[PDB]
$ cat upload-v4.cif   # mmCIF, N, CA and C atoms
data_start
#
loop_
_atom_site.label_atom_id
_atom_site.label_comp_id
_atom_site.auth_asym_id
_atom_site.auth_seq_id
_atom_site.Cartn_x
_atom_site.Cartn_y
_atom_site.Cartn_z
N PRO T 1 0.82 -1.20 0.00
CA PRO T 1 0.00 0.00 0.00
C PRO T 1 0.87 1.28 0.00
N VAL T 2 0.51 2.22 -0.87
CA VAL T 2 1.23 3.49 -1.06
C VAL T 2 0.16 4.59 -1.07
N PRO T 3 0.24 5.54 -0.12
CA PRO T 3 -0.58 6.76 -0.11
C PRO T 3 -0.60 7.44 -1.48
N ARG T 4 -1.78 7.89 -1.88
CA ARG T 4 -1.96 8.47 -3.22
C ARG T 4 -2.20 9.95 -3.22
N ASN T 5 -1.65 10.60 -4.23
CA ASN T 5 -1.94 12.02 -4.48
C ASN T 5 -3.10 12.04 -5.46
N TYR T 6 -4.25 12.53 -5.02
CA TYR T 6 -5.43 12.58 -5.84
C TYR T 6 -5.71 14.01 -6.29
N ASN T 7 -4.80 14.93 -5.98
CA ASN T 7 -5.04 16.34 -6.17
C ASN T 7 -4.66 16.81 -7.58
N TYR T 8 -5.51 16.38 -8.52
CA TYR T 8 -5.39 16.71 -9.96
C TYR T 8 -6.66 17.44 -10.37
N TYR T 9 -6.56 18.32 -11.35
CA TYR T 9 -7.74 18.83 -12.03
C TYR T 9 -7.50 18.88 -13.55
N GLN T 10 -8.60 18.92 -14.29
CA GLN T 10 -8.55 18.92 -15.75
C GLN T 10 -9.15 20.21 -16.27
N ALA T 11 -8.56 20.66 -17.36
CA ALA T 11 -9.04 21.82 -18.11
C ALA T 11 -9.21 21.44 -19.57
N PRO T 12 -10.40 20.95 -19.97
CA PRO T 12 -10.68 20.59 -21.38
C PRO T 12 -10.78 21.80 -22.33
N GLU T 13 -10.16 21.69 -23.50
CA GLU T 13 -10.45 22.62 -24.61
C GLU T 13 -11.84 22.29 -25.19
N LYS T 14 -12.28 23.06 -26.19
CA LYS T 14 -13.54 22.77 -26.86
C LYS T 14 -13.49 21.37 -27.50
N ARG T 15 -14.65 20.72 -27.57
CA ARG T 15 -14.83 19.45 -28.26
C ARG T 15 -13.75 18.50 -27.78
N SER T 16 -13.62 18.41 -26.46
CA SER T 16 -12.59 17.60 -25.84
C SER T 16 -13.12 16.72 -24.74
N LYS T 17 -14.41 16.79 -24.42
CA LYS T 17 -14.97 15.99 -23.33
C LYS T 17 -14.87 14.48 -23.56
N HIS T 18 -14.87 14.07 -24.82
CA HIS T 18 -14.87 12.64 -25.19
C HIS T 18 -13.54 11.91 -24.94
N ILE T 19 -12.52 12.62 -24.47
CA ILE T 19 -11.21 12.03 -24.15
C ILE T 19 -10.84 12.27 -22.67
N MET T 20 -11.73 12.86 -21.86
CA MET T 20 -11.39 13.17 -20.45
C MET T 20 -11.38 11.95 -19.50
N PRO T 21 -10.29 11.73 -18.68
CA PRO T 21 -10.37 10.67 -17.69
C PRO T 21 -11.40 11.00 -16.59
N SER T 22 -11.80 9.99 -15.83
CA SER T 22 -12.68 10.22 -14.70
C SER T 22 -11.93 10.26 -13.38
N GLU T 23 -10.78 9.58 -13.31
CA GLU T 23 -9.97 9.53 -12.09
C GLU T 23 -8.50 9.63 -12.45
N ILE T 24 -7.77 10.45 -11.70
CA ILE T 24 -6.33 10.56 -11.93
C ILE T 24 -5.69 10.60 -10.54
N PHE T 25 -4.64 9.80 -10.35
CA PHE T 25 -3.85 9.85 -9.12
C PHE T 25 -2.41 9.42 -9.41
N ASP T 26 -1.50 9.75 -8.50
CA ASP T 26 -0.17 9.24 -8.54
C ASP T 26 0.21 8.56 -7.21
N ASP T 27 1.10 7.59 -7.26
CA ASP T 27 1.72 7.06 -6.06
C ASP T 27 3.19 7.43 -5.87
N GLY T 28 3.61 8.59 -6.39
CA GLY T 28 5.00 9.05 -6.22
C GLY T 28 5.98 8.54 -7.24
N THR T 29 5.65 7.41 -7.87
CA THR T 29 6.43 6.87 -8.99
C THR T 29 5.63 6.93 -10.28
N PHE T 30 4.43 6.36 -10.27
CA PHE T 30 3.59 6.33 -11.43
C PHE T 30 2.38 7.24 -11.29
N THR T 31 1.92 7.76 -12.42
CA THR T 31 0.66 8.52 -12.55
C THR T 31 -0.34 7.62 -13.26
N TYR T 32 -1.56 7.49 -12.71
CA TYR T 32 -2.56 6.57 -13.23
C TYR T 32 -3.73 7.37 -13.74
N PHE T 33 -4.13 7.09 -14.98
CA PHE T 33 -5.24 7.78 -15.64
C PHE T 33 -6.31 6.76 -15.93
N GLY T 34 -7.47 6.95 -15.29
CA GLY T 34 -8.61 6.06 -15.47
C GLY T 34 -9.71 6.69 -16.31
N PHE T 35 -10.10 5.95 -17.32
CA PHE T 35 -11.05 6.40 -18.31
C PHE T 35 -12.30 5.53 -18.28
N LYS T 36 -13.45 6.16 -18.47
CA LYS T 36 -14.67 5.37 -18.62
C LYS T 36 -14.58 4.61 -19.95
N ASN T 37 -15.15 3.42 -19.99
CA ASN T 37 -15.16 2.59 -21.18
C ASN T 37 -15.66 3.33 -22.42
N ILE T 38 -16.62 4.24 -22.21
CA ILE T 38 -17.21 5.05 -23.28
C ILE T 38 -16.29 6.14 -23.84
N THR T 39 -15.25 6.50 -23.10
CA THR T 39 -14.35 7.58 -23.47
C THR T 39 -13.35 7.06 -24.49
N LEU T 40 -13.05 7.89 -25.48
CA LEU T 40 -12.03 7.62 -26.49
C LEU T 40 -10.65 7.81 -25.84
N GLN T 41 -9.67 7.03 -26.25
CA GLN T 41 -8.35 7.03 -25.62
C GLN T 41 -7.39 8.08 -26.21
N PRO T 42 -7.05 9.14 -25.44
CA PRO T 42 -6.03 10.08 -25.92
C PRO T 42 -4.60 9.62 -25.75
N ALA T 43 -3.69 10.28 -26.47
CA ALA T 43 -2.28 10.14 -26.09
C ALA T 43 -1.95 11.01 -24.90
N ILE T 44 -1.00 10.57 -24.08
CA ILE T 44 -0.59 11.31 -22.93
C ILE T 44 0.83 11.87 -23.04
N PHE T 45 0.95 13.19 -22.95
CA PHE T 45 2.21 13.87 -23.03
C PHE T 45 2.42 14.70 -21.77
N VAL T 46 3.67 14.93 -21.43
CA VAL T 46 4.08 15.77 -20.32
C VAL T 46 4.62 17.11 -20.81
N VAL T 47 4.28 18.17 -20.08
CA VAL T 47 4.90 19.49 -20.32
C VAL T 47 6.25 19.59 -19.63
N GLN T 48 7.27 19.90 -20.43
CA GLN T 48 8.65 20.11 -19.95
C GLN T 48 8.85 21.53 -19.39
N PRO T 49 9.93 21.80 -18.58
CA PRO T 49 10.19 23.15 -18.07
C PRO T 49 10.31 24.24 -19.15
N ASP T 50 10.81 23.88 -20.33
CA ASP T 50 10.92 24.80 -21.47
C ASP T 50 9.57 25.22 -22.08
N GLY T 51 8.48 24.59 -21.62
CA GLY T 51 7.13 24.81 -22.15
C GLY T 51 6.75 23.82 -23.24
N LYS T 52 7.73 23.04 -23.68
CA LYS T 52 7.57 22.06 -24.76
C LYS T 52 7.15 20.70 -24.23
N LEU T 53 6.61 19.91 -25.16
CA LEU T 53 6.01 18.64 -24.82
C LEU T 53 6.98 17.48 -24.95
N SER T 54 6.73 16.45 -24.17
CA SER T 54 7.42 15.16 -24.35
C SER T 54 6.43 14.03 -24.32
N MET T 55 6.77 12.95 -25.04
CA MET T 55 6.08 11.69 -24.87
C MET T 55 6.26 11.15 -23.44
N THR T 56 5.34 10.30 -23.03
CA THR T 56 5.49 9.55 -21.80
C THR T 56 5.60 8.07 -22.09
N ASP T 57 6.05 7.37 -21.07
CA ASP T 57 6.13 5.92 -21.09
C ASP T 57 4.83 5.51 -20.38
N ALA T 58 3.80 5.32 -21.23
CA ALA T 58 2.40 5.07 -20.83
C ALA T 58 1.99 3.73 -21.44
N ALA T 59 1.10 3.03 -20.75
CA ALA T 59 0.55 1.78 -21.26
C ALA T 59 -0.63 1.37 -20.42
N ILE T 60 -1.55 0.66 -21.05
CA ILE T 60 -2.72 0.11 -20.38
C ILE T 60 -2.24 -0.89 -19.33
N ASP T 61 -2.92 -0.87 -18.18
CA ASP T 61 -2.68 -1.82 -17.12
C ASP T 61 -3.93 -2.71 -17.05
N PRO T 62 -3.89 -3.90 -17.71
CA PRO T 62 -5.05 -4.80 -17.79
C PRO T 62 -5.56 -5.26 -16.42
N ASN T 63 -4.65 -5.35 -15.46
CA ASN T 63 -4.98 -5.81 -14.11
C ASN T 63 -5.90 -4.88 -13.33
N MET T 64 -5.72 -3.57 -13.52
CA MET T 64 -6.44 -2.55 -12.75
C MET T 64 -7.89 -2.42 -13.20
N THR T 65 -8.79 -2.59 -12.24
CA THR T 65 -10.24 -2.48 -12.47
C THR T 65 -10.94 -1.42 -11.62
N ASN T 66 -10.15 -0.61 -10.88
CA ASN T 66 -10.67 0.37 -9.91
C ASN T 66 -11.73 1.23 -10.58
N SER T 67 -12.85 1.42 -9.88
CA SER T 67 -14.00 2.21 -10.35
C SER T 67 -14.62 1.84 -11.71
N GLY T 68 -14.39 0.60 -12.18
CA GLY T 68 -14.88 0.14 -13.49
C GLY T 68 -14.24 0.81 -14.69
N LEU T 69 -13.06 1.41 -14.47
CA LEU T 69 -12.35 2.17 -15.50
C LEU T 69 -11.20 1.40 -16.18
N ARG T 70 -10.88 1.90 -17.37
CA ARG T 70 -9.74 1.55 -18.19
C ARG T 70 -8.53 2.39 -17.73
N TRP T 71 -7.50 1.74 -17.20
CA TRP T 71 -6.38 2.42 -16.53
C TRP T 71 -5.09 2.39 -17.31
N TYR T 72 -4.44 3.53 -17.34
CA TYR T 72 -3.15 3.66 -17.96
C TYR T 72 -2.13 4.07 -16.96
N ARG T 73 -0.99 3.39 -16.96
CA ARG T 73 0.08 3.73 -16.04
C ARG T 73 1.16 4.51 -16.79
N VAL T 74 1.53 5.67 -16.23
CA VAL T 74 2.56 6.54 -16.82
C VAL T 74 3.77 6.50 -15.85
N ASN T 75 4.96 6.16 -16.37
CA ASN T 75 6.14 5.91 -15.52
C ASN T 75 6.84 7.21 -15.13
N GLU T 76 6.07 8.21 -14.72
CA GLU T 76 6.55 9.58 -14.46
C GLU T 76 5.62 10.35 -13.51
N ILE T 77 6.18 11.32 -12.80
CA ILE T 77 5.44 12.27 -11.97
C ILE T 77 5.75 13.62 -12.60
N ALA T 78 4.69 14.41 -12.82
CA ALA T 78 4.83 15.71 -13.45
C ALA T 78 3.82 16.72 -12.91
N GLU T 79 4.07 18.01 -13.17
CA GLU T 79 3.13 19.07 -12.82
C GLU T 79 1.99 19.25 -13.82
N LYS T 80 2.27 19.01 -15.10
CA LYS T 80 1.29 19.27 -16.15
C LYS T 80 1.38 18.19 -17.23
N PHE T 81 0.22 17.66 -17.62
CA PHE T 81 0.08 16.72 -18.74
C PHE T 81 -0.85 17.31 -19.78
N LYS T 82 -0.61 16.92 -21.02
CA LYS T 82 -1.52 17.18 -22.08
C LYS T 82 -2.02 15.89 -22.68
N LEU T 83 -3.35 15.71 -22.69
CA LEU T 83 -4.01 14.56 -23.28
C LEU T 83 -4.57 15.01 -24.64
N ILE T 84 -4.13 14.34 -25.72
CA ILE T 84 -4.39 14.78 -27.09
C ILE T 84 -4.98 13.63 -27.94
N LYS T 85 -6.04 13.92 -28.68
CA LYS T 85 -6.53 13.02 -29.74
C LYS T 85 -7.06 13.89 -30.85
N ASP T 86 -6.24 13.98 -31.89
CA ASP T 86 -6.50 14.88 -33.01
C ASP T 86 -6.65 16.33 -32.56
N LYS T 87 -7.84 16.94 -32.74
CA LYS T 87 -8.03 18.34 -32.28
C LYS T 87 -8.40 18.51 -30.81
N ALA T 88 -8.71 17.38 -30.16
CA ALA T 88 -9.13 17.34 -28.76
C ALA T 88 -7.91 17.49 -27.85
N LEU T 89 -8.03 18.33 -26.82
CA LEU T 89 -6.93 18.56 -25.89
C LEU T 89 -7.51 18.76 -24.50
N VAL T 90 -6.94 18.06 -23.52
CA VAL T 90 -7.28 18.28 -22.13
C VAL T 90 -5.95 18.54 -21.40
N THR T 91 -5.86 19.65 -20.68
CA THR T 91 -4.70 19.88 -19.86
C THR T 91 -4.96 19.35 -18.45
N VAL T 92 -4.06 18.49 -17.93
CA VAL T 92 -4.18 17.96 -16.58
C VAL T 92 -3.14 18.66 -15.67
N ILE T 93 -3.57 19.20 -14.52
CA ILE T 93 -2.70 19.86 -13.58
C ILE T 93 -2.58 19.05 -12.31
N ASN T 94 -1.34 18.72 -11.97
CA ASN T 94 -1.01 18.11 -10.70
C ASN T 94 -0.77 19.19 -9.62
N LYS T 95 -1.83 19.49 -8.89
CA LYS T 95 -1.74 20.51 -7.85
C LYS T 95 -0.94 20.03 -6.66
N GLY T 96 -0.87 18.71 -6.52
CA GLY T 96 -0.07 18.05 -5.50
C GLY T 96 1.39 17.80 -5.84
N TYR T 97 1.88 18.36 -6.96
CA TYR T 97 3.27 18.19 -7.40
C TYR T 97 4.30 18.78 -6.43
N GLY T 98 5.31 17.97 -6.10
CA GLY T 98 6.38 18.37 -5.17
C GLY T 98 5.99 18.24 -3.70
N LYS T 99 4.77 17.75 -3.48
CA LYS T 99 4.17 17.62 -2.16
C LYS T 99 4.18 16.16 -1.71
N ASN T 100 4.14 15.94 -0.40
CA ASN T 100 4.00 14.59 0.13
C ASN T 100 2.55 14.13 0.08
N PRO T 101 2.33 12.86 -0.33
CA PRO T 101 1.04 12.19 -0.29
C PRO T 101 0.73 11.63 1.12
N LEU T 102 0.71 12.53 2.10
CA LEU T 102 -0.05 12.37 3.34
C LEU T 102 -1.40 13.09 3.24
N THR T 103 -1.41 14.26 2.61
CA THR T 103 -2.63 15.07 2.54
C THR T 103 -3.12 15.26 1.09
#
$ encode --input "upload-v4.cif" --output "structure tokens"
Amino acid sequence: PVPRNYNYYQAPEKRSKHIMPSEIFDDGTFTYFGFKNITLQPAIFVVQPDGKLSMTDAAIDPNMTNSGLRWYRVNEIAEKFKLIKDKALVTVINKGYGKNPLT
């Protein structure tokens, strides 16, 4: 068992609701993005300090069934993610970044 940082929020662009996760948390090593079965799967990118984007090391975790969602494990902790599928964009903010997962 590892205390989780659940302190994330999403900021969808227009015509972007169809790619939004329902649950996002990190355990200090990995960031987990849970999507409803009905949601289309975006790519997940991280914002770098330069303002530029990077790919992540992301993949479906078949084992995880939490909340009836489709879960992706990202092998990184970051302050900002961009979820992209064609013109659809959701910015994810880790408000708990640099903080301990006690609170």
$ closest_residue --input "upload-v4.cif" --among "T:96, T:49, T:42, T:34" --to "residue T:72" --atoms "only C-alpha atoms"
T:34
$ resolve_selection --input "upload-v4.cif" --expression "the PyMOL selection byres ((chain T and resi 58) around 6.5)" --output "JSON, numbers by chain"
{"T": [56, 57, 59, 60, 72, 73, 74, 75]}
$ resolve_selection --input "upload-v4.cif" --expression "the PyMOL selection byres (((chain T and resi 53 and name CA) around 12) and name CA)" --output "PyMOL selection string"
chain T and resi 43-52+54-56+78+80-84+91
$ resolve_selection --input "upload-v4.cif" --expression "the PyMOL selection byres ((chain T and resi 15) around 6.5)" --output "PyMOL selection string"
chain T and resi 13-14+16-18+87-89
$ select_by_dssp --input "upload-v4.cif" --residues "stretch 28-81 of chain T" --states "strand (DSSP E)" --output "list in words"
residues 31, 32, 33, 34, 35, 43, 44, 45, 46, 47, 53, 54, 55, 58, 59, 60, 70, 71, 72, 73, 74, 80 and 81 of chain T
$ closest_residue --input "upload-v4.cif" --among "T:102, T:69, T:77, T:93" --to "residue T:22" --atoms "only N, CA and C atoms"
T:69
$ closest_residue --input "upload-v4.cif" --among "T:12, T:98, T:68, T:3" --to "residue T:26" --atoms "only N, CA and C atoms"
T:3
$ atom_distance --input "upload-v4.cif" --atom1 "atom CA of residue T:95" --atom2 "atom CA of residue T:9"
7.5 Å
$ atom_distance --input "upload-v4.cif" --atom1 "atom CA of residue T:86" --atom2 "atom CA of residue T:70"
20.2 Å
$ closest_residue --input "upload-v4.cif" --among "T:24, T:76, T:85, T:6" --to "residue T:40" --atoms "all atoms listed in the file"
T:85
$ closest_residue --input "upload-v4.cif" --among "T:10, T:31, T:5, T:63" --to "residue T:92" --atoms "only C-alpha atoms"
T:10
$ atom_distance --input "upload-v4.cif" --atom1 "atom CA of residue T:67" --atom2 "atom CA of residue T:4"
15.3 Å
